[PDB]
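Asks: Please read through the structure below; I'll follow up with questions.
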Amino acid sequence: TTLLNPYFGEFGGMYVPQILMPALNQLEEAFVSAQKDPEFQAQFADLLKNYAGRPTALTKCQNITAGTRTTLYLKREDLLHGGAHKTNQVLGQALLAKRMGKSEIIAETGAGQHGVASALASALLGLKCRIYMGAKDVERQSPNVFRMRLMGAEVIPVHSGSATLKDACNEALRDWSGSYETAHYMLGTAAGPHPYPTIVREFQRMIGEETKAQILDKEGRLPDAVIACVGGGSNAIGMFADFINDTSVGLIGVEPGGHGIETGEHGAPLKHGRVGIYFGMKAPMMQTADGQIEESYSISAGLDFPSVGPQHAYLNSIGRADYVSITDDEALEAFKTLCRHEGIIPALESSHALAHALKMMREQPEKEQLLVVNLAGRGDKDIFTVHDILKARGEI
Amino acid sequence: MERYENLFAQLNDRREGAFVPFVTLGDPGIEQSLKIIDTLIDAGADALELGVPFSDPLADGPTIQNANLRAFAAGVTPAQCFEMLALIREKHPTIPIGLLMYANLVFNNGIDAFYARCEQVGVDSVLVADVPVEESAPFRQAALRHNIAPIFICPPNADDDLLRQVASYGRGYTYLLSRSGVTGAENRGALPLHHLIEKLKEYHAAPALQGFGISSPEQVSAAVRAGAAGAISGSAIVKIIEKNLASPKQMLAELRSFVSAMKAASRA
Ligand SMILES: Cc1ncc(COP(=O)(O)O)c(/C=N/[C@@H](CO)C(=O)O)c1O
Ligand SMILES: O=P(O)(O)OCCNS(=O)(=O)c1ccc(OC(F)(F)F)cc1
Ligand SMILES: [Cl-]
Ligand SMILES: [Cl-]
Ligand SMILES: [Cl-]
Ligand SMILES: [Cl-]
Ligand SMILES: [Cs+]
Ligand SMILES: [Cs+]
């Protein structure tokens with residue numbers, strides 16, 4: 001039994017070993033309690049503002065839309081401490097850990113952004129932090145690994161399975177199943193077993209809340225659409241949540257199309273996978289015909305979660321939100337375009353969202369539309385990847 | 001499930017606990033696995049728990065993680081596992097065969113279809129490791145429709161409501177979990193489970209098998225002495241496989257002596 005519905009329609013649930021159910025229950029109760037507690041809310045707001053630097057700018061991108069009837073704003077989560085949106089909810093989850101008397105943090109990471117966010121929150125708040133990361137990811141994300149270690153976190157390479165994010169997810173739950181009395185599992189996306197999709201949403205919802213107030217102030221009306229990339233779903237739901245009841249506002253989520261949906265080398269399970277049950281939830285999955293879980297492929301490391309948050313699958317099902325894909329090459333163009341036209345280097349993840357907005361604009365250039373793209377991260381981390389591609393293409 | 005009822009009745013009559021080994025199907029190959037399983041039975045296994053190789057076995061420690069990887073390396077697929085199961089049942093009419101599954105493999109081709117195939121090959125029970133009692137309804141329904149016992153976990157920190165639920169809904173046996181954490185012989189349970197065993201009996205639960213961390217004869221005896229119907233051992237068995245990959249003969253020899261000793265310990 002729980003306080004809240006673990007499902008969004010048919011999607012979600014609590015598919016963890018029985019041993020972990022008391023952990024999930026405790027977390028749910030503490031969250032429900034925290035949300036009613038003005039002290040908790042005040043401390044969270046204090047960290048968000050004074051440590052992470054909220055509120056974030058909403059930037060109007062005039063150059064990129066010139067000659068069309070598109071107005072485009074970027075929500076600047078790239079300016080957040082840590083350089084991505086991941087920082088928002090780790091601060092809330094660390095406060096919850098403290099609320100519950102936990103003194104240790106477990107986190108998974110793929111690209112390393114969530115690991116870095118977990119590490120910085122843990123350092124600030126005096127929690128001992130261990131991060132699981134697939135050995136292949138450790139190998140290719142040396143800079144992030146070093147950042148985590150500088151901040152005092154233990155980074156544990158995971159060599160089992162495919163040695164990537166899903167494997168790190170497994171390892172985190174295995175650890176938690178034996179350490180939950182003292183450790184909190186700081187899951188890094190709006191996915192996994194209830195209550196994580198709900199908590200991550202509520203601890204990211206300031207993105208959309210701020211966006212709403214900022215767009216009303218600047219434009220005198222709500223956006224025609226808000227657009228966000230979808231790895232596991234946290235930045236997207238963070239942007240969407242405050243607009244769900246504003247049914248005139250389009251909610252568009254962008255999954256990575258990789259080398260092309262038709263190649264099967266992508267990370268777009270919501271639209272092109274198959275519903276499965278894994279990592280604590282019933283959700284669309286990348287999976288073999290045999291039901292073995294597969295990796296998500298994308299040029300962008302952070303869009304590697306091989307499933308998707310259950311709330312997204314639900315919002316899709318009912319037609320409240322629409323989900324699309326953007327390919328590697330589309331994302332790369334959008335990356336280059338923002339650099340040159342706005343002097344902003346976007347994360348390759350969020351470059352997917354930007355790419356779809358540019359498509360909406362270019363396809364129908366005389367359509368009057370007010371769009372917000374969630375710029376969930378900065379792209380400093382991506383310049384080596386971009387360099388190497390451009391070099392191979394003889395663009396440089 | 002009726003194989004379990006018959007086993008437990010016969011073991012009760014002989015004043016004995018059940019000794020139940022776990023292996024991963026197809027580890028380290030199909031043929032070798034079949035020989036391994038026949039050896040376990042010949043050496044005195046009372047029932048089997050058999051893992052279907054899965055990409056993400058998140059209730060398993062490294063020993064069994066490695067078993068899954070070895071089976072994958074041999075190219076073992078769920079279809080091949082069903083064929084193995086049919087042959088195992090064809091060879092051994094009465095031994096209860098329980099599967100250790102993860103939810104995705106059960107859900108993959110349809111939950112009903114999964115259990116129907118289980119019935120077709122002669123499986124007796126299914127434990128789905130990542131499905132808690134809270135989520136169990138569609139699995140337990142499909143199981144029972146196909147004459148399959150749904151196996152429920154009774155964690156060492158069960159409250160009374162969980163005990164009553166497991167007692168009502170379970171069949172075959174009740175899995176009495178030794179400790180928190182994941183499978184592995186390198187970690188022994190700490191908590192005495194006598195009280196949980198008593199409460200399960202009060203509620204007419206399926207007989208309890210203790211599992212997790214069981215690697216020694218004394219632990220088998222201890223399970224029986226505490227009132228459980230028997231004990232399951234996985235990692236300890238799989239380690240013998242891992243240890244002896246380079247010597248199939250020595251492997252079977254060591255499996256035989258280990259299983260023989262563990263079964264001997266089940267005598268009250
Ligand atoms: C800069 C950036 N933007 C978007 C996403 C996508 O994450 P949501 O869908 O918003 O949850 C990520 C993810 N990164 C994870 C997984 O590799 C991680 O760091 O471990 C990211 O790092
Ligand atoms: O001897 P060990 O420590 O390897 O333990 C035996 C493991 N084999 S098993 O099939 O019984 C088994 C039973 C339950 C499991 O997970 C769950 F509890 F969450 F359901 C996993 C494996
Ligand atoms: Cl504001
Ligand atoms: Cl459109
Ligand atoms: Cl005991
Ligand atoms: Cl019963
Ligand atoms: Cs414009
Ligand atoms: Cs994805």
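Chain labels run A, B, ... following the order of the structure tokens; each chain numbers its residues from 1, and ligands are numbered from 1 in the order shown.
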What's the 12 Å shell around residue 282 in chain A, counting only C-alpha atoms, without same-chain residues fewer than 3 positions away, as number ranges by chain?
Replies: A: 6-16, 191-194, 270, 274-279, 285, 307-314; B: 103-104, 107-108, 130-131, 135
Asks: Select, as a ChimeraX atom specification, those residues of chain A with any atom no more than 10 Å from chain B (distances computed using only C-alpha atoms).
Replies: /A:1-2,13-22,160-162,166-167,169-180,274-282,285,287-294
Asks: Could you give me the residues within range 312-350 of chain A that DSSP places in helix (DSSP H, G or I), as a list in words?
Replies: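 Answer for range 312-350 of chain A restricted to helix (DSSP H, G or I) is residues 312, 313, 314, 315, 316, 317, 328, 329, 330, 331, 332, 333, 334, 335, 336, 337, 338, 339, 340, 341, 342, 348, 349 and 350 of chain A.
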Asks: For the selection you just gave me, I'd like the residues written to a file as an mmCIF file, in the first residue's frame, keeping N, CA and C atoms.
Replies:
```cif
data_model
loop_
_atom_site.group_PDB
_atom_site.id
_atom_site.type_symbol
_atom_site.label_atom_id
_atom_site.label_comp_id
_atom_site.auth_asym_id
_atom_site.auth_seq_id
_atom_site.Cartn_x
_atom_site.Cartn_y
_atom_site.Cartn_z
ATOM 1 N N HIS A 312 5.899 10.232 -18.901
ATOM 2 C CA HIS A 312 5.957 10.619 -20.304
ATOM 3 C C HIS A 312 5.131 9.630 -21.129
ATOM 4 N N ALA A 313 5.307 8.332 -20.853
ATOM 5 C CA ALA A 313 4.567 7.333 -21.612
ATOM 6 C C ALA A 313 3.068 7.579 -21.463
ATOM 7 N N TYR A 314 2.648 7.998 -20.261
ATOM 8 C CA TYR A 314 1.249 8.285 -19.974
ATOM 9 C C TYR A 314 0.749 9.544 -20.695
ATOM 10 N N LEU A 315 1.520 10.633 -20.611
ATOM 11 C CA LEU A 315 1.134 11.886 -21.255
ATOM 12 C C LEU A 315 1.024 11.682 -22.768
ATOM 13 N N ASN A 316 1.892 10.822 -23.315
ATOM 14 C CA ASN A 316 1.797 10.432 -24.712
ATOM 15 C C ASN A 316 0.496 9.673 -24.991
ATOM 16 N N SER A 317 0.228 8.641 -24.186
ATOM 17 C CA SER A 317 -0.916 7.770 -24.385
ATOM 18 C C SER A 317 -2.207 8.578 -24.506
ATOM 19 N N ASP A 328 21.446 12.216 -34.821
ATOM 20 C CA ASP A 328 22.758 12.743 -34.463
ATOM 21 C C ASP A 328 23.056 13.999 -35.283
ATOM 22 N N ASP A 329 22.876 13.903 -36.608
ATOM 23 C CA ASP A 329 23.299 14.969 -37.503
ATOM 24 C C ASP A 329 22.454 16.222 -37.303
ATOM 25 N N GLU A 330 21.151 16.042 -37.058
ATOM 26 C CA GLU A 330 20.242 17.143 -36.738
ATOM 27 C C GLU A 330 20.698 17.848 -35.459
ATOM 28 N N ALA A 331 20.986 17.057 -34.420
ATOM 29 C CA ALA A 331 21.438 17.628 -33.158
ATOM 30 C C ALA A 331 22.730 18.431 -33.343
ATOM 31 N N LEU A 332 23.657 17.888 -34.144
ATOM 32 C CA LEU A 332 24.955 18.503 -34.372
ATOM 33 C C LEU A 332 24.805 19.837 -35.092
ATOM 34 N N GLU A 333 23.899 19.888 -36.077
ATOM 35 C CA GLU A 333 23.629 21.143 -36.764
ATOM 36 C C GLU A 333 23.105 22.161 -35.752
ATOM 37 N N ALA A 334 22.150 21.747 -34.912
ATOM 38 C CA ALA A 334 21.556 22.690 -33.971
ATOM 39 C C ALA A 334 22.633 23.244 -33.024
ATOM 40 N N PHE A 335 23.543 22.378 -32.585
ATOM 41 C CA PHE A 335 24.676 22.734 -31.741
ATOM 42 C C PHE A 335 25.465 23.865 -32.394
ATOM 43 N N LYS A 336 25.825 23.656 -33.672
ATOM 44 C CA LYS A 336 26.659 24.597 -34.402
ATOM 45 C C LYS A 336 25.902 25.910 -34.577
ATOM 46 N N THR A 337 24.605 25.807 -34.888
ATOM 47 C CA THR A 337 23.767 26.971 -35.118
ATOM 48 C C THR A 337 23.668 27.867 -33.878
ATOM 49 N N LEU A 338 23.509 27.275 -32.693
ATOM 50 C CA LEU A 338 23.356 28.115 -31.510
ATOM 51 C C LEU A 338 24.684 28.795 -31.156
ATOM 52 N N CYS A 339 25.786 28.057 -31.308
ATOM 53 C CA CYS A 339 27.106 28.609 -31.056
ATOM 54 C C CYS A 339 27.297 29.882 -31.883
ATOM 55 N N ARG A 340 26.963 29.810 -33.179
ATOM 56 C CA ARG A 340 27.326 30.850 -34.131
ATOM 57 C C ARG A 340 26.351 32.017 -34.030
ATOM 58 N N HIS A 341 25.076 31.704 -33.786
ATOM 59 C CA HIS A 341 24.040 32.721 -33.853
ATOM 60 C C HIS A 341 23.755 33.357 -32.500
ATOM 61 N N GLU A 342 24.022 32.642 -31.392
ATOM 62 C CA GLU A 342 23.639 33.197 -30.099
ATOM 63 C C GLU A 342 24.811 33.248 -29.117
ATOM 64 N N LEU A 348 24.941 18.640 -26.078
ATOM 65 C CA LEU A 348 24.424 17.890 -27.216
ATOM 66 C C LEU A 348 23.062 17.264 -26.896
ATOM 67 N N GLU A 349 22.783 17.017 -25.615
ATOM 68 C CA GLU A 349 21.495 16.449 -25.249
ATOM 69 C C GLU A 349 20.408 17.448 -25.640
ATOM 70 N N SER A 350 20.523 18.666 -25.098
ATOM 71 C CA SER A 350 19.513 19.697 -25.314
ATOM 72 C C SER A 350 19.553 20.202 -26.759
#
```
Asks: Step by step, measure atom-to-atom distances between ligand 3 and each residue using only C-alpha atoms and all ligand atoms, keep those at most 7 Å, then write them as a ChimeraX atom specification.
Replies: /A:55,210,213-214
Asks: Next, the residues of the selection above should be written as a PDB file, in the first residue's frame with C-alpha atoms.
Replies:
```
ATOM      1  CA  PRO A  55      16.177  31.565 -10.889  1.00  0.00           C
ATOM      2  CA  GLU A 210       9.797  30.011 -13.607  1.00  0.00           C
ATOM      3  CA  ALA A 213       6.129  33.507 -14.928  1.00  0.00           C
ATOM      4  CA  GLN A 214       8.973  34.680 -17.149  1.00  0.00           C
TER       5      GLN A 214
END
```
Asks: Quick one: residues within 12 Å of ligand 7, with only C-alpha atoms and all ligand atoms, as a list in words?
Replies: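 Listing the residues within 12 Å of ligand 7 gives residues 60, 61, 62, 63, 64, 65, 66, 67, 68, 69, 70, 71, 72, 73, 358, 361, 362, 365, 366, 367, 368, 369, 370 and 371 of chain A.
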Asks: Within 12 Å of ligand 6, which residues of chain B show up? Give each one with its shortest atom-to-atom distance in Å (one decimal) and the two atoms involved, counting only C-alpha atoms and all ligand atoms, rows by chain then rising residue number, as JSON lines.
Replies:
```
{"residue": "B:1", "atom": "CA", "partner": "ligand 6", "partner_atom_place_in_ligand_line": "1 (Cl)", "distance": 10.7}
{"residue": "B:4", "atom": "CA", "partner": "ligand 6", "partner_atom_place_in_ligand_line": "1 (Cl)", "distance": 11.8}
{"residue": "B:5", "atom": "CA", "partner": "ligand 6", "partner_atom_place_in_ligand_line": "1 (Cl)", "distance": 10.6}
{"residue": "B:144", "atom": "CA", "partner": "ligand 6", "partner_atom_place_in_ligand_line": "1 (Cl)", "distance": 12.0}
{"residue": "B:149", "atom": "CA", "partner": "ligand 6", "partner_atom_place_in_ligand_line": "1 (Cl)", "distance": 9.7}
{"residue": "B:150", "atom": "CA", "partner": "ligand 6", "partner_atom_place_in_ligand_line": "1 (Cl)", "distance": 10.0}
{"residue": "B:151", "atom": "CA", "partner": "ligand 6", "partner_atom_place_in_ligand_line": "1 (Cl)", "distance": 10.3}
{"residue": "B:152", "atom": "CA", "partner": "ligand 6", "partner_atom_place_in_ligand_line": "1 (Cl)", "distance": 10.5}
{"residue": "B:163", "atom": "CA", "partner": "ligand 6", "partner_atom_place_in_ligand_line": "1 (Cl)", "distance": 11.1}
{"residue": "B:164", "atom": "CA", "partner": "ligand 6", "partner_atom_place_in_ligand_line": "1 (Cl)", "distance": 9.8}
{"residue": "B:165", "atom": "CA", "partner": "ligand 6", "partner_atom_place_in_ligand_line": "1 (Cl)", "distance": 9.5}
{"residue": "B:166", "atom": "CA", "partner": "ligand 6", "partner_atom_place_in_ligand_line": "1 (Cl)", "distance": 7.8}
{"residue": "B:167", "atom": "CA", "partner": "ligand 6", "partner_atom_place_in_ligand_line": "1 (Cl)", "distance": 5.2}
{"residue": "B:168", "atom": "CA", "partner": "ligand 6", "partner_atom_place_in_ligand_line": "1 (Cl)", "distance": 5.2}
{"residue": "B:169", "atom": "CA", "partner": "ligand 6", "partner_atom_place_in_ligand_line": "1 (Cl)", "distance": 6.2}
{"residue": "B:170", "atom": "CA", "partner": "ligand 6", "partner_atom_place_in_ligand_line": "1 (Cl)", "distance": 5.1}
{"residue": "B:171", "atom": "CA", "partner": "ligand 6", "partner_atom_place_in_ligand_line": "1 (Cl)", "distance": 4.9}
{"residue": "B:172", "atom": "CA", "partner": "ligand 6", "partner_atom_place_in_ligand_line": "1 (Cl)", "distance": 7.7}
{"residue": "B:173", "atom": "CA", "partner": "ligand 6", "partner_atom_place_in_ligand_line": "1 (Cl)", "distance": 8.2}
{"residue": "B:174", "atom": "CA", "partner": "ligand 6", "partner_atom_place_in_ligand_line": "1 (Cl)", "distance": 8.6}
{"residue": "B:200", "atom": "CA", "partner": "ligand 6", "partner_atom_place_in_ligand_line": "1 (Cl)", "distance": 9.5}
{"residue": "B:201", "atom": "CA", "partner": "ligand 6", "partner_atom_place_in_ligand_line": "1 (Cl)", "distance": 9.8}
{"residue": "B:202", "atom": "CA", "partner": "ligand 6", "partner_atom_place_in_ligand_line": "1 (Cl)", "distance": 11.1}
{"residue": "B:203", "atom": "CA", "partner": "ligand 6", "partner_atom_place_in_ligand_line": "1 (Cl)", "distance": 8.2}
{"residue": "B:204", "atom": "CA", "partner": "ligand 6", "partner_atom_place_in_ligand_line": "1 (Cl)", "distance": 5.9}
{"residue": "B:205", "atom": "CA", "partner": "ligand 6", "partner_atom_place_in_ligand_line": "1 (Cl)", "distance": 4.4}
{"residue": "B:206", "atom": "CA", "partner": "ligand 6", "partner_atom_place_in_ligand_line": "1 (Cl)", "distance": 4.7}
{"residue": "B:207", "atom": "CA", "partner": "ligand 6", "partner_atom_place_in_ligand_line": "1 (Cl)", "distance": 8.4}
{"residue": "B:208", "atom": "CA", "partner": "ligand 6", "partner_atom_place_in_ligand_line": "1 (Cl)", "distance": 10.8}
```
Asks: Please write the residues from the selection above to a file, keeping C-alpha atoms, as a compact mmCIF listing (two decimals), in the first residue's frame.
Replies:
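Below you can see again17.txt, which holds the result:
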```
# COMPACT_ATOMS: atom_id res chain seq x y z
CA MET B 1 2.48 -26.94 -7.53
CA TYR B 4 5.89 -29.52 -3.95
CA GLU B 5 3.00 -30.75 -1.81
CA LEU B 144 -2.46 -20.36 -10.93
CA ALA B 149 2.87 -22.10 -7.87
CA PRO B 150 3.65 -18.37 -7.44
CA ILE B 151 6.60 -18.05 -5.05
CA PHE B 152 6.49 -15.10 -2.66
CA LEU B 163 2.92 -12.50 6.26
CA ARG B 164 -0.85 -12.88 5.79
CA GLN B 165 -0.66 -11.89 2.12
CA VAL B 166 2.18 -14.29 1.35
CA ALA B 167 0.32 -16.98 3.31
CA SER B 168 -2.91 -16.46 1.32
CA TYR B 169 -1.51 -15.98 -2.17
CA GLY B 170 1.56 -18.22 -2.19
CA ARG B 171 1.63 -21.90 -3.14
CA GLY B 172 4.37 -24.51 -3.43
CA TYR B 173 6.73 -22.94 -0.91
CA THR B 174 7.35 -19.62 0.84
CA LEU B 200 3.81 -18.45 8.45
CA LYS B 201 2.74 -21.80 9.89
CA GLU B 202 0.00 -20.08 11.90
CA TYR B 203 -1.37 -18.61 8.67
CA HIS B 204 -1.13 -21.92 6.80
CA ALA B 205 1.47 -20.51 4.40
CA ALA B 206 3.21 -22.81 1.94
CA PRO B 207 6.20 -24.50 3.69
CA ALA B 208 9.21 -22.20 4.08
```
Asks: Can you build me a table of chain A residues sitting at most 9 Å from ligand 4, with the closest atom pair per residue and its distance in Å to one decimal, using only C-alpha atoms and all ligand atoms, sorted by chain and residue number, as CSV?
Replies:
```
residue,atom,partner,partner_atom_place_in_ligand_line,distance
A:360,CA,ligand 4,1 (Cl),6.4
A:363,CA,ligand 4,1 (Cl),8.9
A:364,CA,ligand 4,1 (Cl),8.4
```
Asks: I need the chosen residues saved as a PDB file, in the first residue's frame, with C-alpha atoms.
Replies:
```
ATOM      1  CA  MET A 360       9.211  23.550 -36.406  1.00  0.00           C
ATOM      2  CA  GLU A 363       9.222  23.778 -41.916  1.00  0.00           C
ATOM      3  CA  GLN A 364       6.546  26.475 -41.410  1.00  0.00           C
TER       4      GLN A 364
END
```
Asks: Could you give me, as a count of residues only, the residues within 10 Å of range 137-153 of chain A, counting only C-alpha atoms and dropping anything in the same chain fewer than 5 positions from it?
Replies: 31
Asks: Set the distance at 9 Å and use only C-alpha atoms: which residues neighbour residue 76 in chain A once local chain neighbours fewer than 5 positions away are removed? I'd like the list as a PDB file with C-alpha atoms, in the first residue's frame.
Replies:
```
ATOM      1  CA  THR A  56      17.723  30.883 -14.263  1.00  0.00           C
ATOM      2  CA  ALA A  57      17.453  33.339 -17.140  1.00  0.00           C
ATOM      3  CA  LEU A  58      14.931  32.963 -19.942  1.00  0.00           C
ATOM      4  CA  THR A  59      16.842  34.091 -23.007  1.00  0.00           C
ATOM      5  CA  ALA A  84      22.887  21.215 -15.974  1.00  0.00           C
ATOM      6  CA  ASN A 374      14.627  23.847 -22.228  1.00  0.00           C
ATOM      7  CA  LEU A 375      18.412  24.285 -22.446  1.00  0.00           C
ATOM      8  CA  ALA A 376      19.019  21.658 -19.806  1.00  0.00           C
ATOM      9  CA  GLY A 377      22.842  21.778 -19.974  1.00  0.00           C
ATOM     10  CA  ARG A 378      25.874  23.608 -21.352  1.00  0.00           C
TER      11      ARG A 378
END
```
Asks: Taking a cut-off of 6 Å and counting only C-alpha atoms and all ligand atoms, can you build a table that, for each residue of chain B near ligand 2, reports the nearest atom pair and how far apart they are in Å (one decimal), sorted by chain then residue number, as a tab-separated table?
Replies:
```
residue	atom	partner	partner_atom_place_in_ligand_line	distance
B:22	CA	ligand 2	8 (N)	5.4
B:49	CA	ligand 2	10 (O)	5.3
B:59	CA	ligand 2	16 (O)	4.8
B:60	CA	ligand 2	21 (C)	5.9
B:100	CA	ligand 2	10 (O)	4.8
B:129	CA	ligand 2	20 (F)	3.4
B:130	CA	ligand 2	19 (F)	5.8
B:183	CA	ligand 2	3 (O)	3.7
B:184	CA	ligand 2	3 (O)	3.7
B:185	CA	ligand 2	3 (O)	5.0
B:211	CA	ligand 2	5 (O)	5.4
B:212	CA	ligand 2	3 (O)	3.3
B:213	CA	ligand 2	3 (O)	3.8
B:214	CA	ligand 2	1 (O)	5.0
B:232	CA	ligand 2	11 (O)	5.9
B:233	CA	ligand 2	1 (O)	3.9
B:234	CA	ligand 2	1 (O)	3.7
B:235	CA	ligand 2	4 (O)	3.5
```
Asks: So, with only C-alpha atoms and all ligand atoms as the atoms that count, which of A:90, A:392, A:355, A:324 lies closest to ligand 8?
Replies: A:324
